[PDB]
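See below for the structure under consideration.
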Amino acid sequence: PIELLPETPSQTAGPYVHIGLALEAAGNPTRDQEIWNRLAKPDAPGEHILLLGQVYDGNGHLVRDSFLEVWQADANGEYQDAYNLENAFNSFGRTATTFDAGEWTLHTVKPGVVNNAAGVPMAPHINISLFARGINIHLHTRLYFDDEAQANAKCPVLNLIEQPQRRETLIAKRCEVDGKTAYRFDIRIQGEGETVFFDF
Amino acid sequence: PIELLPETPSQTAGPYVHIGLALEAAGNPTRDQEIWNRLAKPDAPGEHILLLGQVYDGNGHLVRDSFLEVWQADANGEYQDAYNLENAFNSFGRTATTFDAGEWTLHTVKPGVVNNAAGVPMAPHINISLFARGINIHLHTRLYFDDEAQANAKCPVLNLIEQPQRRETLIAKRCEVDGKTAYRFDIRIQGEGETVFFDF
Amino acid sequence: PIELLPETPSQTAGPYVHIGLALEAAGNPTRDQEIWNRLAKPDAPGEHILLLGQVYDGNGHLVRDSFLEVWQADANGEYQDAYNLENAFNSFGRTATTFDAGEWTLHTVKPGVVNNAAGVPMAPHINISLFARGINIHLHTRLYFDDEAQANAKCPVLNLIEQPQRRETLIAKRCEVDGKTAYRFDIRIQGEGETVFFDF
Amino acid sequence: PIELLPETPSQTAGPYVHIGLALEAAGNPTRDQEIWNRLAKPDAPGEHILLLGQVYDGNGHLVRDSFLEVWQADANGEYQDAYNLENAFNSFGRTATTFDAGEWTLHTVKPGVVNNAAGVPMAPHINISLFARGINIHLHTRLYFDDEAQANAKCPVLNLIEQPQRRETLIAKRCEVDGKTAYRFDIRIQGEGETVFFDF
Amino acid sequence: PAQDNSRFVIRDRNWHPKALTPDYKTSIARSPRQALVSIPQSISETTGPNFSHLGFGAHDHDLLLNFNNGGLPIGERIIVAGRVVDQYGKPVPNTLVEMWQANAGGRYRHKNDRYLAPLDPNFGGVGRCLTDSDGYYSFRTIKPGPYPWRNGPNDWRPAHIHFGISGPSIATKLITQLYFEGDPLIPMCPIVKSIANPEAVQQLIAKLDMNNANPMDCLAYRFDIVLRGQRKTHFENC
Amino acid sequence: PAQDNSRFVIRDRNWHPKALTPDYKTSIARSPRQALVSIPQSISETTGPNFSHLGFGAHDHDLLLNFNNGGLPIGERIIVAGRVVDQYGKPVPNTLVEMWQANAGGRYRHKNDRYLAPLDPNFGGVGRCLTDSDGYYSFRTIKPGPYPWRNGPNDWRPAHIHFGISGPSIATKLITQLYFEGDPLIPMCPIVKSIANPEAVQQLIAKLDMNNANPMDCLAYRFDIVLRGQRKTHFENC
Amino acid sequence: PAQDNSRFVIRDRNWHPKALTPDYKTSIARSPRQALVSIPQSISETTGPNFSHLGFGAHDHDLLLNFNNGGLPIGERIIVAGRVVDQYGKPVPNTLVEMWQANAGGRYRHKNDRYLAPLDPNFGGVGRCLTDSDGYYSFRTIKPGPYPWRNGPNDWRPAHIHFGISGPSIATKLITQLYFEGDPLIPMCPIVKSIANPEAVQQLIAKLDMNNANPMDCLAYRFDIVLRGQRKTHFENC
Ligand SMILES: O=C(O)C[C@H]1C=CC(=O)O1
Ligand SMILES: O=C(O)C[C@H]1C=CC(=O)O1
Ligand SMILES: O=C(O)C[C@H]1C=CC(=O)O1
Ligand SMILES: O=C(O)C[C@H]1C=CC(=O)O1
Ligand SMILES: Oc1ccc(F)cc1O
Ligand SMILES: Oc1ccc(F)cc1O
Ligand SMILES: Oc1ccc(F)cc1O
Ligand SMILES: Oc1ccc(F)cc1O
Ligand SMILES: Oc1ccc(F)cc1O
Ligand SMILES: Oc1ccc(F)cc1O
Ligand SMILES: Oc1ccc(F)cc1O
Ligand SMILES: Oc1ccc(F)cc1O
Ligand SMILES: Oc1ccc(F)cc1O
Ligand SMILES: Oc1ccc(F)cc1O
Ligand SMILES: Oc1ccc(F)cc1O
Ligand SMILES: Oc1ccc(F)cc1O
Ligand SMILES: Oc1ccc(F)cc1O
Ligand SMILES: [Cl-]
Ligand SMILES: [Fe+3]
Ligand SMILES: [Fe+3]
Ligand SMILES: [Fe+3]
Ligand SMILES: [Fe+3]
């Protein structure tokens, strides 16, 4: 058959990933411009939300050295690839778990609906890639919202998960954090309540 | 050493096994004669019983596409191998789980006692072979009866299972379906309560 | 692919083939029973006919050392495989060309119609296999009759010859030889008027 | 030596070439635009002519499944390569023999003179490529005109044919079809009168 | 009734695919995690159904005719034939061979197949027969097409026919798949690759069989099947 | 109008099949017995039609849709794509590529095909396109079935697609056939074997191309085509 | 009363010698130039004579006794024996095997042989027999000498015995030649070399068979013959 050049193989990010990708968390100075966890400035259109979560290993223990990358549509359901710190909104960001508490945070707006390749609406979602010590190739998942039940039930991506019970692992829980709308999204890498991870 | 011709290797039956072996279940017309789940004509000797069960995967979810073959002695402890739809009793049959409820059924008689090769009586049992998508080579088990406790405790096959707790996995539970004597035999392929599977 | 044992390869019969297969023509004594050129005794049912012919090479010169085997139905269109010199009719015979004149002869009856494998009638024919010095593997042909024009036109074997002009090479010419019904069938191995040869 | 990438090897067009290249002839519907045998609109400059011919195999039989491509200068000696069904004249066309009569036709104009690479005039000619079942790589030839005898005698391509008798095979015969000026160009692939074929 | 009169050679479960073969994703949750329990052969294991008295319809082995809805199926006409023997080379006569497959475009006639390729109105995809007295079986069918499936993101089954063979006992019964000589999908398939030993994979590849073809009609493939060796009991209970 | 501005590398007529290849029976009477006459390249040979202004219908390259009579064809859905280059490796853009083939069962939609395998009411078997500005072409079709034919008494064409390619001049125009990776019929075919050099045969074998497949939809094969090398004229007439 | 109940595997006419093999000079004018026309098997081709009740004389298979004119022939006393099977390995019982040969000095008892080597007054050179119920035949003879012949200017046939075998049908009938293990003339002979494939030539070379020799009496050679494979018809006219 036709064989292309092989892709460069993945390796773990390791526990000092923050030297390269989360400078402050390493205990080091930052550069003038950093890619971090505030996707939206206050004047960005849409519903402003806090996202937060913890990451658990197969023994139920916090993964305190997790590094996450996120990619989401703006409130109008458009992906904004022109990354610029001057923008009111960027579709891309980065976050990491605190070493003491194991919690990550993101400041963003709720994404609008985007259609799949066959023209079928997907429920509002944030695309997540998870990296850490012990993770040889990053894990892809999606964060959906528990206040979008009707859309979630009809999502052509969620419907590719054979068991309804596993679909539940991708639904973030609405709450309030110091007077602001928030959603908690915990990830369980392995075992009971294991989060669905995607290949594409 | 002496090496014979190798056996043809097994492969999964796949999820469309019904096309070939359970035609009605596939949604298809049947042939004049089919091998199916009614082993006994109404007037066959012995105690007429219904067997039923569900099949669970390692996550506790129903295996809705499972296909089962059964082999049992008649009520007089005789294996009736000359398969014929006109027989009062066939020792062989086939069944499959319904796709909605994941439940298989068998209509038969309670098997009589047969001796093992050393002349030791085995407790009444049904031999079962389980096939499905995801199962690369079929799984052999036995269904014994909870109202044969004395015989079960002395069975030279059950006694080859080292742990008494695992022997319990092979004991079907007497119940009633539509007011008629039945035994339920659920199979757990993997994990908590994992059913004993045999090699021979 | 599946490869069977290879067939033993052919070789020419050579110019002394008559030592083995036409003893008289070699100039040698005969055995008590020989396979030769009189397929029909006088009392055989059917129309008794003489067949005769010459064989030509690519330069138009007589092939004086030709050896022919023939196979034909009886007058009722049945092949008689039980070869016996006591029979009024045999389906098989042998002949050879005379060294001086280059002519072969056969004494037989006109064959009846036999159906092909699809049930379609073939025109009356004699199957011929031709052997000689210079012929590495024998040549298969058929002798049809010029007084069977209607049948010949519809023969499913003749119709596999793409060009009508080549079909004409297989049609023997009715004549009279010392007061008896005869057909002349010349064979041209190569070049102008080349006789159709078959593979099967 | 310097070895370039090898050319993809030729194969026969086969007897169903019409499916792909002569759709009507296959017995099939045509597309909105087809490349076919009318090179000239009625008002194209020059002398309007019909070309026709039959193609013979080595046994003198019609090749009823032949497919021909043609390439010629317009009446002014210009090659019109921008193929377009709206052109007054196309230098390219296709034709095929009818299956009943084995005859192809072309409607065109008489080509003007073009010079060879050394600046020497070539006599008026049509370039032809012949394809068919049994033809493993197409045969190139040229059609010249019998009423251009003076030019033909001086053509630097005809003069590369060593024998004058073979040059005659490329000279089409003026005739009239339905009262209109025509030239007949029969091709003999093999044997007596074998048409000259070119390599270039 | 049936008697215990033979023993069957123990299976090589490293020649067969193992239960847990994670590249075949559905095997992950449908594979036991405890060891199989070995038991000696008894009459329960060394006997099984014989199907000599099962009533077969005239076209049960002929998939070109057994789903006739006004015409012939579209696809590569083929005979699939072979011999069933045991590991000692002895033929297995009068044994039940069943098969099922997709159509020429890889579509199965099953309510749960959601592939967009169309059904063939003249093709069902099911055959059965009994081996003859010398162990030979024969089906006529069309060559199935490859089948995309939701394993990895671009996985395709090679062209294949599912087989079931009863043999002399429940200890010999086998389900397997036939693949076709030369198919470039075979080395890429995670179900094929559930078999760890490449020589075992080769045993599932049917060979083009020109000798068994009907000229101007259909091609043929040969697929021989080997069941567990059967021997007489000896020196037992003493 | 066209100009004489290039030369084309002379063909290797031992790489191509010869005319007389008697195992392909129809070649016997349809092969010249005199030598070809070599002539120098002139404007007549070094120019040819360009088809950029030919009007193509929307589905001309898509055999799944271009004979639509109520549904999709039955058979193995495939993309057939590749690049046309010359012998110097230069792409050949805006060139005409035409193809024709049998259906999934080896039946051609041609009045002269007498094979018993049925027509597919939704399949015609004809495609055409122009290579893009980088030399690439693409068709969508179903994989054709092998075709029995009256050559020897049990001869079968491998699965194949007929191709025609125009290229920059009448000197480059080529008709050929595409075969499919692994097909066991390829080494047995007298038409394939009209090519004497086994390395040349390999150039006609399209490779399975998983990278170009549409998951859950269609597979793909890649077939690159090499036309005669084109160079500028040099040092002529002096 | 012969019936059409079987089919015979198609011949490989590249395993056999081709018709036109010009180094064997007589083949040039005695080879067809048109292709053979393939036809399907019918009862005309799939039947043939059975010679079970041909009357054989007591010494028809024994060339040491079947031309007795006062004594034994001069030459190397040998048994020539073997088995006739078909391509599936099945014996061909009760079939006619005929043979002819030159004497110990390469002289044939034929009016057209003008080689100067003398005739042997006790040798004729003709045998026949029927294979037994297990497919075996046997002759006793003397080893023939090589034969010079007017092909090239110094051509010599290897020692050889001509064979004809009827088999079950006119489709299986074969004439061939047996050569002897080790003979250095074999690779030089243009009749041997009419066979293009060296592996096919090897199939004509009889092997010294000491196991079949009679000590203090005669040696032995073994020559097995393979006729076209015979199979039952299947799936015809449907
Ligand atoms: O725990 C769950 O059921 C859902 C999972 C998704 C968000 C979260 O916080 O946990
Ligand atoms: O009840 C159990 O856990 C035992 C197992 C055996 C029969 C059945 O239904 O489940
Ligand atoms: O010469 C012919 O046209 C026919 C050929 C068949 C019989 C015969 O005598 O010659
Ligand atoms: O008449 C000839 O023999 C010449 C050849 C060229 C044109 C044609 O029609 O045949
Ligand atoms: O490569 C590494 C290995 C161990 C570790 F703790 C950090 C690393 O960056
Ligand atoms: O379809 C579903 C989607 C999300 C979820 F949490 C459960 C479902 O059954
Ligand atoms: O071979 C198969 C693969 C996937 C599937 F869903 C069914 C099959 O029969
Ligand atoms: O010996 C036993 C047999 C069956 C069972 F359920 C428990 C046992 O201890
Ligand atoms: O083998 C032979 C060679 C030449 C000849 F004249 C006769 C033969 O039998
Ligand atoms: O069909 C034919 C049959 C015999 C013949 F001589 C000529 C024909 O055209
Ligand atoms: O490839 C082919 C072979 C034989 C035939 F008649 C037509 C073809 O297209
Ligand atoms: O020079 C010639 C050109 C054409 C032709 F027919 C004959 C010739 O001698
Ligand atoms: O029984 C098993 C348990 C764990 C594992 F990884 C493989 C096994 O076969
Ligand atoms: O992996 C996939 C690829 C295509 C598709 F439509 C669904 C899938 O799950
Ligand atoms: O031109 C030729 C003539 C005779 C032959 F055998 C081969 C040829 O290529
Ligand atoms: O060779 C053949 C084989 C089968 C058939 F129907 C016709 C033929 O010409
Ligand atoms: O005496 C001869 C010797 C060699 C030959 F080729 C022919 C002869 O007549
Ligand atoms: Cl003498
Ligand atoms: Fe590191
Ligand atoms: Fe399948
Ligand atoms: Fe000889
Ligand atoms: Fe073709």
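What you see of chain G is 2-239, where the numbers are those given in Swiss-Prot.
For this deposited structure, the header notes the method as X-ray crystallography, 1.4 Å.
From the backbone N, Cα and C atoms, a Cβ is placed for every residue, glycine too.
For G:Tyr109, G:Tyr148, G:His161, G:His163, the entry in Swiss-Prot reads Fe cation binding site, with the evidence type experimental evidence. Counting only residues at least six positions away in the same chain, the Cβ atoms of G:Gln102, G:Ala103, G:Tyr116, G:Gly126, G:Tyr148 sit under 8 Å from the Cβ of G:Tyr109 (Fe cation binding site). Annotation note: G:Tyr109 (Fe cation binding site) sits in a coil segment as assigned by DSSP.
Checking the binding-site residues G:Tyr148, G:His161, G:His163 against ligand 5 with a 6 Å cutoff on the Cβ atom leaves no residue at all. In this view, G:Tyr148 (Fe cation binding site) is surrounded by 23 other Cβ atoms within 10 Å of its Cβ, with every protein chain counted. Around G:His163 (Fe cation binding site), the same-chain residues six or more apart in sequence whose CB sits under 8 Å from its CB are G:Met100, G:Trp101, G:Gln102, G:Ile176, G:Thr177, G:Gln178, G:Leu179, listed in sequence order. In the three-state DSSP scheme, G:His161 (Fe cation binding site) falls into the strand class. Listed in sequence order, the residues of the same chain lying 6 or more apart from G:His161 (Fe cation binding site) and placing their CB within less than 8 Å of its CB are G:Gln102, G:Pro145, G:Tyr148, G:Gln178, G:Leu179, G:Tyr180, G:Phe181.
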